[PDB]
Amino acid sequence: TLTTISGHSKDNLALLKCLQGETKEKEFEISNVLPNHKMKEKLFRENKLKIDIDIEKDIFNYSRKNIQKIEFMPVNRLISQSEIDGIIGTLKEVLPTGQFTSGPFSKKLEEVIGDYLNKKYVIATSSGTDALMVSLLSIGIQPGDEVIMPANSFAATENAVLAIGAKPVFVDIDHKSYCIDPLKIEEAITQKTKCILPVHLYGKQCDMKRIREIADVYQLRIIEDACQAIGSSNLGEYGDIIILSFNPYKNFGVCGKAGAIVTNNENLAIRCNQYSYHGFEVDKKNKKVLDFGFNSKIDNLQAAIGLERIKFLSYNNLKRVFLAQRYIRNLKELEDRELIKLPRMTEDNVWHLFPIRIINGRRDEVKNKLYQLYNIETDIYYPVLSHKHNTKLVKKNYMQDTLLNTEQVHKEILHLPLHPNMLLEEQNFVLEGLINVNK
């Protein structure tokens, strides 16, 4: 039996189970899309999987290194020499052209992203925040319009709504995935609601079928904040517009800020294109057709960088899945003792961030001791809920919000270091620290 690896999360998990022998029924080929470039070079020979693949030594370079300390996300580790070499070579081609803002590599990256997402229209933007603001204006959001969203995302999700004058309406998360609870959304719908803005937090997709069911009944749009979820299988099937970020810390990043708007909806795509560049008619600069717009297309220079770095996407995502499975398998004893709750392996998760829950009040102690006693940095994404910031807006509009689940989970969440060029020895050091602090 034969699977063609598409570069997305489902097939990465299927390949991993093959690499580990949890399966032997299956043979693999790999498609020639750009996000598969590195995986194909590293793990395949003549479109056949190499026979002698040692995940520990060949993919993670395991060599019994002695570790002294763990930073959560050392940004030098997120880019490889291979990537740098490719970036320098492409920039030697782009720089003499003098096209750094407008240019032909933006269109190419838009097409690559459009193929990878199976979506007809892509507008590459100067950031995921800008993509979200432009997308909200394209569906007609006016000041005072309400947008339903969770309260545990990065500040950008709420800020894009606020920047255009609209009003966040917070809904509680579910009990299993850190995502907006579909069963709480309907009761928060008012005559002012226009949009549901679910977040695929930490790289895990929301239950989009149920959210679409509700949005159709209420004739609401869905804009999906997928800034942490590139590569997740079937991303965007039910959404009107899907928002990506290509910030450098994302699973796929450029070398600066960038993002994208993705849709099948031609009218919405056209309005996005106009809003993202000053309100001008597309291809008629200086001639406004919308009342205003932003200076929010991607830079040609970053698009060219991104066409190099996206070559590593499926492979780095495969490394993330392996790391996550290792945390799950090696921390299971702490969950069986009912000290922590672990994520479960699912076929949609791309493991941008790896959350655990430390229960019965111990989270701060565990995080503090990991750092002070074992020199392990862990982090909390994010440290303040949307309805709890020290702001005039919160004091004026959000003091009556209670989000029971979100608030309880927030007292328990802790993120563990997980990034694709981490060493297995580094993960072992984290694993030993977590076990030892819970003894």
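Position 1 is the first residue in the sequence shown; the rest follow in order.
The PDB entry reports B-factors from which the mean C-alpha value can be compared for 98-106 and 331-339; the larger average falls on 331-339. Of the two segments, 20-28 and 421-429, the one listed with the higher mean B-factor is 20-28 (C-alpha atoms only).
Looking at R64, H410, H389, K38, the one whose CA carries the top B-factor in the deposited record is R64. As recorded in the entry, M399 carries the highest CA temperature factor of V33, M399, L43, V384. Among the modelled residues of the chain, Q191 sits in the highest third by CA temperature factor in this PDB entry.
Per the PDB record, residue ranking by Cα B-factor puts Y218 in the highest third of the chain. Per the deposited record, the Cα B-factor of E93 falls in the highest third when ranked against the other modelled residues of its chain. Ranked by C-alpha B-factor against the other modelled residues of its chain, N267 falls in the highest third. For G144, the recorded CA temperature factor ranks within the highest third of the chain's modelled residues.
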